[PDB]
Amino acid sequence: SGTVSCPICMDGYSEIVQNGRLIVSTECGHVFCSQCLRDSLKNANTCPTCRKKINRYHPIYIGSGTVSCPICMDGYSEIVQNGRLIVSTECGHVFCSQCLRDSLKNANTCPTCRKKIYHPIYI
């Protein structure tokens, strides 16, 4: 709904970046600060949140706090309202699933960074 945080250290977006850490996601769409996830994966190869086996994982770029799709401009609640998902590309850029689908019909480059190209994220 609002501001993102890491379920392991419990730091919010501000505290995470304050000392050089990134916001990351797993393939299964679960979100952490980079260092908490680094240190869990030394200990076991399972997602802290959903216990899926995790091999790979990547940075996501959501700065501020309150997530929205840059293409339609709907915020978190309006997106789910109608059964769309929040989705990240491998390059860590976020869209609603409908807009990324439609955008990929025409281009198959990321709208945000143009990297040639994903999965749901749960926030």
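All residue numbers refer to positions in the sequence shown, first residue = 1.
(Q) Are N55 and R56 truly consecutive in the deposited sequence, or are residues between them missing coordinates? Give the number as none, 1 to 3, 4 to 9, or 10 or more. (A) Missing in between: 1 to 3 residues.
Q | Unmodelled stretch of the deposited sequence separating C6 from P7, binned as none, 1 to 3, 4 to 9 or 10 or more | A | In the record, the chain runs straight from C6 to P7 with none unmodelled.
Q.
Tell me which stretch, 66-74 or 93-101, has the higher mean Cα B-factor listed in the entry.
A. Looking at the recorded C-alpha B-factors, 66-74 comes out higher on average.
(Q) Which is higher on mean Cα B factor in this entry, 56-64 or 42-50? (A) Mean B over CA atoms: larger for 56-64.
**Q.** Highest recorded Cα temperature factor - choice among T26, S88, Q81, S34
**A.** When the deposited C-alpha B-factors of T26, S88, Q81, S34 are compared, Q81 is largest.
Q.
Per the entry's values, where does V17 land by CA temperature factor relative to the rest of its chain, in the lowest, middle or highest third?
A. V17: CA B-factor falls in the highest third of its chain.
Q: Just say lowest, middle or highest third for the CA B-factor of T112 relative to the other modelled residues in its chain.
A: Its C-alpha B-factor, which the entry lists for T112, ranks in the lowest third among residues of this chain.
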